[PDB]
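What follows is each chain in one-letter form.
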Amino acid sequence: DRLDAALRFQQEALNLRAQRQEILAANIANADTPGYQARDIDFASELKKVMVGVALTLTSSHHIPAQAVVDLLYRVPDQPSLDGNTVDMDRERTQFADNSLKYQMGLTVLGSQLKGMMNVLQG
Amino acid sequence: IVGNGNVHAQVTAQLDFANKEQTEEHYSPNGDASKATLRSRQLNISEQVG
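Positions are assigned from 1 on a per-chain basis following the written sequence, which can diverge from the numbering of the entry; residues without coordinates are not listed. By the order in which they are written, chains take letters starting at A while ligands take numbers starting at 1. Every figure given here refers to the displayed chains, which form just one part of a larger assembly. Computation of side-chain values covers all heavy atoms of the structure but excludes hydrogens and water. Residues with missing side-chain atoms are left out of burial classes, side-chain pairs and their counts.

- Header annotation of the entry names cryo-EM as the structure determination method and lists the resolution as 3.4 Å.

- Per the PDB entry, chain B goes by Flagellar M-ring protein.

- Per the PDB entry, chain A goes by Flagellar basal body rod protein FlgB.
- Here chain A is described in UniProt, under the heading Function, as follows: "Structural component of flagellum, the bacterial motility apparatus. Part of the rod structure of flagellar basal body."
- UniProt positions are given in the numbering used here, feature names are shortened, and annotations may be inferred rather than shown by experiment. In its Subcellular location section, the UniProt record describing chain A reads: "Bacterial flagellum basal body".

1. Looking at the overall build of chain A
So, step 1. Here a helix means four or more residues in a row that DSSP labels H or I, a strand means two or more in a row labelled E, and each is numbered from the N terminus. When its secondary structure is counted, chain A shows three helices and two strands.
So, step 2. Its helices and strands in sequence order give chain A the pattern α-β-α-β-α, from N to C terminus.
So, step 3. Radius of gyration (C-alpha) of chain A: 20 Å, far over the 14 Å computed for a compact globule of 123 residues.
So, step 4. Taken along its principal axes, the extent of the C-alpha atoms in chain A is 60 × 45 × 20 Å. Note on method: radius of gyration uses C-alpha positions; expected globular size equals 2.2 Å times residues raised to 0.38.

2. Description of the pattern of salt bridges
Residue and element names in this part refer to chain A.
So, step 1. Any carboxyl oxygen of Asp or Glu that lies within 4 Å of a side-chain nitrogen of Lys or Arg is treated as forming a salt bridge with it. All chains considered together, the criterion is met by seven salt bridges over all chains.
So, step 2. As a salt-bridge pair, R93 and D90 come within 3.0 Å of each other at their nearest N and O atoms. Linking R93 with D90, this pair stays in helix α3 (residues 89–121), spanning three residues, or about one helical turn.
So, step 3. Residue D98 pairs with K102 through a salt bridge whose shortest N-O separation is 2.7 Å. Placement of the pair is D98 and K102 together in helix α3, with a separation of four residues, close to one helical turn.

3. With respect to the packing of helix α1 (residues 2–29) of chain A against α3(A)
Residue and element names in this part refer to chain A.
So, step 1. Running from amino to carboxyl end, α1 crosses α3 at an angle of 160°, the nearest separation of the two axes being 9 Å. Between α1 and α3, the interaxial angle falls into the category roughly antiparallel. For α1 against α3, the interelement crossing comes out left-handed.
So, step 2. Residues of the contact of α1 with α3, tallied by class, amount to 15 nonpolar, nine polar and four charged. Note on definitions: angles span 0 to 180 degrees between N-to-C directions of axes, and those axes are lines fitted to C-alpha atoms, for helices only across the stretch in contact. Under this scheme an angle from 65 to 115 degrees is roughly perpendicular, one under 35 degrees roughly parallel, and one over 145 degrees roughly antiparallel; angles in between are oblique. Crossing handedness follows the turn of the near helix against the far one: under a right angle anticlockwise gives a left-handed crossing, and clockwise gives a right-handed one. Residues are sorted three ways: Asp, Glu, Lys and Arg are charged, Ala, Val, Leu, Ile, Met, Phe, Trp, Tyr, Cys and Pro are nonpolar, and all the rest, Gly among them, are polar.

Right under this line is the structure:
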């Protein structure tokens, strides 16, 4: 559908921001686990990958339709801890706040596009 | 062989005067993968060994 193509980029950006938000909050929650590595995703490359499948064929009514079913990069440690935990509070707190801001911005842009498509139709 | 008049026979017949109509449907079994005909197949396999 053409409607999907217009809203594909912002939807994928919003979903990627939510996933990275979950990853950052997981990094915050597991700050005290000894031996836990701080993981993160490269937002731009994954957004390229998602932006850049074959529903199985249903011959009749009984035939069952096809059933549907990111890469994590390690953060470079800054300070060496003794328990092997590489999670840094300041870095991930700033990243968490930034991801929240960008999620809000994506919501704003997507809502503006939908509202414009709506006022085009209203009449 | 027996001769004219040296044989007598009589026949009785139970007949069928009942109108019957029948429709039969048969499906060939496809439980064996060798004789199974397929149109679409989705096989998702995952093995996360730790």
